[PDB]
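Colleague: I am attaching a structure below and will ask some questions about it afterwards.
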Amino acid sequence: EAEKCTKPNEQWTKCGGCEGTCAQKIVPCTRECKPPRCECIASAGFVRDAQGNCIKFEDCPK
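Below is the structure:
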């Protein structure tokens, strides 16, 4: 109801910074939340490929 982003994955996220991987949907990160801006979203299910590529969880290798 508040998606002001265009490119895929990169969606509006108030607290950015770290994220999750295809092995750690949740990475331990203190109060290191980046300012509000379009970026990846772990709470939704986006993971960063080993190449640091923010992509849906299903967009993972085999």
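According to the entry's author numbering, the sequence shown is numbered sequentially starting from 1.
For every residue, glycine included, the Cβ atom is placed at its ideal position computed from N, Cα and C.
How many Å lie between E10 and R31 at the Cα?
Modeller: Here residue 10 is taken as the residue at index 10 of the sequence shown, counted from 1. Here residue 31 is taken as the residue at index 31 of the sequence shown, counted from 1. Between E10 and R31, the C-alpha separation is close to 21 Å.
Colleague: By the three-class DSSP mapping on this structure, what secondary structure does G45 have?
Modeller: Counting from one through the sequence shown, the residue named residue 45 turns up at place 45. In the structure shown, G45 sits in coil (DSSP, three-state: anything other than H, G, I, E or B).
Colleague: Measuring only the C-alpha atoms, how far is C33 from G20?
Modeller: Numbered from its first residue, the sequence shown carries residue 33 at position 33. Numbered from its first residue, the sequence shown carries residue 20 at position 20. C33 and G20: Cα-Cα distance of roughly 14 Å.
Colleague: For the putative contact between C22 and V47, defined by C-beta atoms under 8 Å, what is the C-beta separation to the nearest angstrom?
Modeller: Translated into the one-based positions of the sequence shown, residue 22 becomes position 22. Translated into the one-based positions of the sequence shown, residue 47 becomes position 47. Confirmed, Cβ separation roughly 5 Å.
Colleague: Is the beta carbon of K25 sitting closer than 8 Å to the one on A42?
Modeller: To locate residue 25, count along the sequence shown from 1; it is residue 25. To locate residue 42, count along the sequence shown from 1; it is residue 42. Yes.
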